[PDB]
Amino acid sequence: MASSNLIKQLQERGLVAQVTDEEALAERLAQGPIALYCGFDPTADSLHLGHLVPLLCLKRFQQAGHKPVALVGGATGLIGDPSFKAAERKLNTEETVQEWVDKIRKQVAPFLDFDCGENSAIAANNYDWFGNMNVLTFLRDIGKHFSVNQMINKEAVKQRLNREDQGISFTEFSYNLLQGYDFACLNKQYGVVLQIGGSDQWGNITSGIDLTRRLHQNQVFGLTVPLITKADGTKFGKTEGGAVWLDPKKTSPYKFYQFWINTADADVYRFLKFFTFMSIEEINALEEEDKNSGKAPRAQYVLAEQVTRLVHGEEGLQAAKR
């Protein structure tokens, strides 16, 4: 059985935090193109920099020949993912989340190729299966496969159940089951055998792997990208004015470009690997170049140009200089 080098290549860029059965996954990836997915919840009417790395990773997989499935949480966005969060997420109305789902779906589309043959991307929405599912059916057919003792031990919610200065509603405690079933559903419908996601998604992903095995007897895999951090210890993507949105109407291309130009020297080369498609060879040469040029580093300018184009296209890049 041949072994794919895609996981190793992503590791080189520092984009692999955790992965299940790496050897088996690499072998499966070599067998041929697979369908994979990543989900994004409508916690606002737009995604932000916090969602970018995983989103671009879907494209990295598609570039390797695999088929990306971008799921927008029409249902999970009505529940709220408590994973590594201190307090309960605000509950939004069905009417509002429905509109946000539509905006996010349209925002995600340009990032992937939906017209490149069999590995063309697919848009999904878990409201399709949870929006009309009866409560008893959920509690029985899905809930019977979940152990509360195990759920309580998930690191993602351990704090909420241990720290006396906080707690977790039954609402958010149930989230893990929804994302878990999502994996099983996508496996059944589209043959999805891999789910990727942010660093805080490990537990939600493994619950999906276990449920897929319990429900369909299929072995699926999971991979999380690392927590994007800044050398100075502050939260990435967070500014005085709030988050850096991918929506041009919320955060202008000009402002977006300015955010990247402001990248610290300590983080710029790492960020080039996380947010762009430049080869590792090119990035390493660029770092060496800046090291001995005696001039201002051109890494920030290259990073800003690269990401701005990926997020807002040539037009946005042009608007960044006006």
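Numbering starts at 1 and follows the sequence shown.
K.L.:
Looking at the deposited entry, does 231-239 or 158-166 carry the larger mean Cα B-factor?
P.N.:
If you average the C-alpha B-factors of 231-239 and of 158-166, the larger mean comes out for 158-166.
K.L.:
Output the stretch having the higher mean C-alpha B factor in the entry; the candidates are 16-24 and 302-310.
P.N.:
It is 16-24 that shows the higher mean C-alpha B-factor.
K.L.:
If you compare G65, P42, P253, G294, which has the highest Cα B-factor in the entry?
P.N.:
Checking the PDB record, the top C-alpha B-factor among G65, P42, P253, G294 is at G294.
K.L.:
Looking at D81, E99, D182, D128, which has the highest Cα B-factor in the entry?
P.N.:
So the option with the highest C-alpha B-factor is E99.
K.L.:
Relative to the other modelled residues in the chain, which third contains the C-alpha temperature factor of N218: lowest, middle or highest?
P.N.:
Middle third - that is where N218 ends up once the chain's C-alpha B-factors are sorted.
K.L.:
Considering only modelled residues of the same chain, in which third does the CA B-factor of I152 rank: lowest, middle or highest?
P.N.:
As the PDB entry reports it, the C-alpha B-factor of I152 lands in the highest third of its chain.
K.L.:
Going by the recorded CA B-factors, say which third of the chain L58 sits in, lowest, middle or highest.
P.N.:
Lowest third.
K.L.:
Which third of the chain holds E118 when residues are ordered by C-alpha B factor: lowest, middle or highest?
P.N.:
Its C-alpha B-factor belongs to the highest third of this chain's values.
K.L.:
Would you mind ranking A30 by its C-alpha B-factor against the rest of the chain and naming the third, lowest, middle or highest?
P.N.:
Its C-alpha B-factor belongs to the highest third of this chain's values.
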